[PDB]
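Residue numbers (PDB author numbering), protein chains in the order written: chain O, 1 to 120; chain W, 11 to 92; chain 1, 1 to 48; chain 6, 1 to 63; chain F, 2 to 177; chain M, 1 to 135. All residues carry an ideal CB built from backbone N, CA and C; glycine is no exception. Here is the structure we will look at, set down as structure tokens.
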Amino acid sequence: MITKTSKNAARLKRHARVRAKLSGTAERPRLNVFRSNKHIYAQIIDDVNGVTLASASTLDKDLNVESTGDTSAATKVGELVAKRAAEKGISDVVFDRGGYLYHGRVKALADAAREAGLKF
Amino acid sequence: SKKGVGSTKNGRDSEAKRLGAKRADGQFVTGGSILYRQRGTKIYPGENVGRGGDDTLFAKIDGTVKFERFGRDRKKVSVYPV
Amino acid sequence: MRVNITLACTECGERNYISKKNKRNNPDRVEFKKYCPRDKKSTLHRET
Amino acid sequence: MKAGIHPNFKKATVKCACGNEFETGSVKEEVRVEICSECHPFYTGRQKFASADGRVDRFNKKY
Amino acid sequence: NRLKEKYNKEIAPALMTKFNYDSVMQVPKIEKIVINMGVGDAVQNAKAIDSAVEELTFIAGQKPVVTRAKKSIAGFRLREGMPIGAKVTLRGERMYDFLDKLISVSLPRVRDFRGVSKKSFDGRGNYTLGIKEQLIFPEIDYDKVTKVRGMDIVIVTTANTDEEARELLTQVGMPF
Amino acid sequence: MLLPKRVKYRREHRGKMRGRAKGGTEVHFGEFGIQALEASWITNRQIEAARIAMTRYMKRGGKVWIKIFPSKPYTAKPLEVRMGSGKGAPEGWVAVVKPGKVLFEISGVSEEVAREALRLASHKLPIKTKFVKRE
RNA sequence: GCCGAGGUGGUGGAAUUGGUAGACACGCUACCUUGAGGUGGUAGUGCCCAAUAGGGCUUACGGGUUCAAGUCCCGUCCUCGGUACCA
RNA sequence: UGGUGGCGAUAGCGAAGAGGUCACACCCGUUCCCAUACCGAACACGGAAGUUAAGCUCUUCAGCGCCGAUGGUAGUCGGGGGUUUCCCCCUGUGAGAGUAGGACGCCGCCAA
RNA sequence: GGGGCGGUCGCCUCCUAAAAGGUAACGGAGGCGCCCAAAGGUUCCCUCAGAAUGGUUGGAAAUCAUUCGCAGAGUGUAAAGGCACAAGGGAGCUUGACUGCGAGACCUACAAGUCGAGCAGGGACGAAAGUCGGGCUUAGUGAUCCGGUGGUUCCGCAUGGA
RNA sequence: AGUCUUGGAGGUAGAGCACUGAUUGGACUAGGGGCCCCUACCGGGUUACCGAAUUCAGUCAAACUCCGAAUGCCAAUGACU
């Protein structure tokens, strides 16, 4: 037969393991990461209010990149995360690597936000 | 006639440990005070309630106590302020 | 067999700690780094 | 692939005694084979020797 | 190299128009090949595990796992652990090379070879070759062989029903 | 000798006999049955004697349908022994019979034979019992 | 009645210290020695299916602990030894 | 559409359908980061040859699952009576089972 | 349920126990007087038991895939409670199986026993958020007196030591 | 302190089989026997001789709960007394 469950089903389980231990409180919004094959996405979420505050995707026709899956695409969408997080003033944020490792594009997002000034 | 039979084999028993609710719903409750003595988690900790090493439910802040429910068939202690 | 174990410091030589270990599963002299309040830091301790 | 664990792999030039050559990748650099698939008689349809041989005895009246 | 190109080019249009799929992705593909060893003489012969930790590294260079018994069995004189049997999993290019070794090179050397069974499909689309002699394809070297201990090969397609895995494995080259 | 093959606890409490039966109050496997008008403990031997009387009057029974089983054990201390020093050893097995419980049934046999068969069954039972047809 | 012990091949009987036998001394069997029996000497030896190979039943029994039970644990039957006292 | 949240499977399972330029994916390879007790299956790094088959959505449906009354009954607080291993009456309360029915999604946020 | 005889004496779990807690009997059942240097901590991973088939030696059952299995497994160990966001399984690194505490609670005649957010000193793991003051919770233990050992800006019978 | 109103914790009486144990019967059913046929215990030929697991229907439980009371308990809120 051999059948496989999706990347996304195990990804949501391993994300829900992460979500039991850190949340999007007041004055610590949750910095979530979604990591599609053709793009990458990053939101800044209140989990108490149910509201994402700022957002950034490589699906942005302004400030686009070529590769969109490169570490430079993740670095540019991370600097957009931190720039919108400074423009709408949360100023302190909690990094939700979302059911992934802290390895590649996700770590590129996180390092770009740490450089640009989001204090994890 | 006095015929000798003995040997019960079932005398002993342990000391009663006083599990259960120590505070109620709508009770004013200070910080650090034990809300529920249990073994296992018959009832879970919610907001401002911690689970101890001997899985006791205690209040983290001052405030009233509410026993709500965890959805399917499962309960919860939560402490709110005023 | 199970033995009561003191874990004396090395920088100070002071005892400061007790835990148990086997004489068979740990036949050698065991060592840990714990806190010496005379030394006020983490310090390598040693079974005595 | 883990390093220092697996043996090497070079392009095996598998031969055969019927002359048919074939290509894989193995530990051995070159392999000579005495009976391949196209040499073995089961792969070659209804074979010559054993199928021509395997007629059961026709109640051997002949003499 | 050659079995991937043979499979894609000749087989995938032919098998796709043999079973009339409504898309190219419904065509079954051989996903993995799992080579079991199953040497349980580790109890009475403690060294023997290294036999086919040696050999299955030579059968396919992916090193097998020294696999352990998951439950203690008194009738087999065996506690839980004391590892039993080796295991190779296989997907990539070496595996089509391995079926190239089996079909074109090895399975002639089965010294009593006839039609290997039609009746070795589980009902889901998967196949097993049961091997009893460990020297079939010429690397095994009679010189380095004393124990003849054979092998279990689990050829695992992605086929959902069974007879289309049949028509896959006939076209790959397995005789029946 | 109806006996449970295995029992968790060889010494159980004596329980209480109050309320009607939970179920089996009506005849549905057979055609004619016998209900209890009172509550009691019925042992192994009473079901033995009742079923034997049933089989002997019917002389070839269609079905006999024993609906009650002696699940509960009763223990008894030996003869001429003082109180205390442990609960006594188990002696017998009991079906607890609440009032309104169909004990035995009959199928395939005419009504008069069923009347007299359940009557000869009833004179082996400690309870007041009544005849019951299927509705 | 209560308490302690023990139930093993046809036999008396060890295994009771944790890893699978049913030791050892008798019978029993095949052969040898003798005119022939006895003693004596050699080789086997619980059982049933199997040429051997080889798998299972088996330590009074029935059930649990265990991956395993002759041993660890409980109940039934039996045989031992001690106790059954005070008016 | 895609991500992300709350709500008790009324969310489920199962069965049959429809969709791909975007989007999520399946996929194509491992040259580097990484990885696999084995292995690019997974995890990662890249890419965009085709693929709506699978996940995914989007329809339906009451077969299992789930929610679920009203009445009646069992039980029972208090008062009382009787042939008292139990039963009965009165006042109030009130199940469980079974049902009639509800249901194969409601609700926030952000980016397209 | 006279006394002797037998049996017991402390700690843990269930039932008794009557839907808070409590609750007796020579009432019904069981366990304990430990074990683990990983069987603790943290981080990242991930899912069990059985069954049906395809399978050498392989047997009813070792090892293999393959479906069905939101739980028949596991949780060091009785029993109960609890757990598949793991508390159950793996791997890396580790020693928080720390020191001084501790607002406030539970429990109780006392003696005791249990929980504890948070603070400081120093760390472990983690990128961080954070978590860590032993193990999944509850058994695994005993007062004082008297001695032994180790250390101390303590005393020391006139004074300095002892 | 009482009572009305409100919110809770706790799983007994009852009830039910959804776990765990017990257990009545029907339907099939691998398999175990018994009559045997020859015959390498090999292949079988039968049986109302027993049937593990599946399914339907019914029972029972202090140490069984998918469920769940009346009461009692803990409270807060006002209200009276």
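Since residue i meets chain W, which of its residues come closer than 9 Å, beta carbon to beta carbon?
i	result
residue 80 (chain M)	11, 12 and 13
May I ask whether a heavy atom of the ligand MG can be found less than 7 Å away from the beta carbon of residue i?
i	result
residue 84 (chain M)	Among the ligands in the structure shown, none appear at all, so the ligand MG cannot be discussed.
Considering residue i, what are the terminal residues of the alpha helix (DSSP H) in which it resides?
i	result
residue 45 (chain W)	Here residue 45 (chain W) belongs to no alpha helix (DSSP H); instead the beta strand (DSSP E) covers 44 to 47.
residue 171 (chain F)	164 to 173
residue 54 (chain M)	44 to 58
residue 60 (chain F)	56 to 60
Name, please, each residue of chain F whose Cβ falls closer than 7 Å to the Cβ of residue i.
i	result
residue 63 (chain 6)	The contacting residues do not exist; residue 63 (chain 6) stays about 34 Å from chain F at best.
residue 14 (chain 6)	106
List the residues of chain F whose Cβ lies closer than 8 Å to the Cβ of residue i, in chain order.
i	result
residue 9 (chain 6)	62 and 95
residue 25 (chain 6)	2, 94, 95 and 98
residue 18 (chain 6)	The premise fails here: residue 18 (chain 6) is roughly 11 Å from chain F at the closest Cβ pair, so nothing lies under 8 Å.
residue 31 (chain 6)	106, 139 and 140
residue 37 (chain 6)	104, 105, 106, 108, 109 and 174
Which stretch, first to last residue, makes up the beta strand (DSSP E) that contains residue i?
i	result
residue 45 (chain 1)	41 to 47
residue 42 (chain O)	41 to 46
residue 15 (chain W)	Where residue 15 (chain W) is concerned, there is no enclosing beta strand (DSSP E), given that its DSSP letter is neither H nor E.
residue 88 (chain W)	85 to 90
residue 37 (chain F)	31 to 37
residue 13 (chain 6)	10 to 14
residue 90 (chain F)	87 to 91
residue 132 (chain M)	129 to 133
residue 2 (chain 1)	2 to 9
residue 61 (chain W)	59 to 61
Have a look at the options and flag the residue whose alpha-carbon is nearest the alpha-carbon of residue i.
i	options	result
residue 7 (chain O)	36 (chain O), 89 (chain O) and 18 (chain O)	36 (chain O)
residue 79 (chain W)	19 (chain W), 54 (chain W), 50 (chain W) and 63 (chain W)	54 (chain W)
residue 23 (chain M)	106 (chain M), 133 (chain M) and 68 (chain M)	68 (chain M)
residue 41 (chain M)	102 (chain M), 5 (chain M) and 97 (chain M)	97 (chain M)
residue 32 (chain 6)	160 (chain F), 143 (chain F), 156 (chain F) and 139 (chain F)	139 (chain F)
residue 119 (chain O)	71 (chain O), 90 (chain O) and 104 (chain O)	90 (chain O)
residue 50 (chain W)	72 (chain W), 91 (chain W), 85 (chain W) and 34 (chain W)	85 (chain W)
residue 96 (chain O)	11 (chain O), 3 (chain O), 75 (chain O) and 15 (chain O)	15 (chain O)
residue 141 (chain F)	60 (chain F), 127 (chain F), 64 (chain F) and 162 (chain F)	60 (chain F)
residue 20 (chain O)	27 (chain O), 12 (chain O) and 26 (chain O)	12 (chain O)
residue 107 (chain O)	27 (chain O), 69 (chain O), 4 (chain O) and 53 (chain O)	69 (chain O)
residue 60 (chain O)	111 (chain O), 73 (chain O) and 101 (chain O)	73 (chain O)
residue 23 (chain 6)	95 (chain F), 67 (chain F) and 18 (chain F)	95 (chain F)
For a contact defined as C-beta to C-beta under 7 Å, what are the partners of residue i on chain O?
i	result
residue 161 (chain F)	1
residue 157 (chain F)	2
residue 125 (chain F)	1
Find the residues of chain M that neighbour residue i, judging by a C-beta separation of less than 8 Å, and give them in chain order.
i	result
residue 17 (chain W)	85 and 86
Could you tell me whether the Cβ atoms of residue i and residue j are closer together than 8 Å?
i	j	result
residue 117 (chain M)	residue 47 (chain M)	no
residue 14 (chain M)	residue 73 (chain M)	no
residue 44 (chain O)	residue 31 (chain O)	yes
residue 20 (chain M)	residue 100 (chain M)	yes
residue 98 (chain F)	residue 131 (chain F)	no
residue 178 (chain F)	residue 44 (chain F)	What is shown of chain F runs 2 to 177, which leaves residue 178 (chain F) out entirely.
residue 24 (chain W)	residue 58 (chain W)	no
residue 85 (chain F)	residue 40 (chain F)	yes
List the residues of chain 6 whose Cβ lies closer than 9 Å to the Cβ of residue i, in chain order.
i	result
residue 52 (chain F)	Per Cβ cutoff of 9 Å: no residues; residue 52 (chain F) is ~16 Å from chain 6 at best.
Give the residues of chain 6 in contact with residue i, contact being defined as C-beta atoms less than 8 Å apart.
i	result
residue 58 (chain F)	6 and 7
For the stretch 96 to 157 of chain F, list the beta strand (DSSP E) runs that are entirely contained and at least 3 residues long, ordered along the chain. 127 to 134
Could you pull out every unbroken alpha helix (DSSP H) segment of at least 4 residues lying fully inside the stretch 32 to 110 of chain O, listed in chain order? 71 to 87
Can you list, in chain order, the stretches of the alpha helix (DSSP H) that have 4 or more residues and sit fully within the stretch 12 to 47 of chain 6? none
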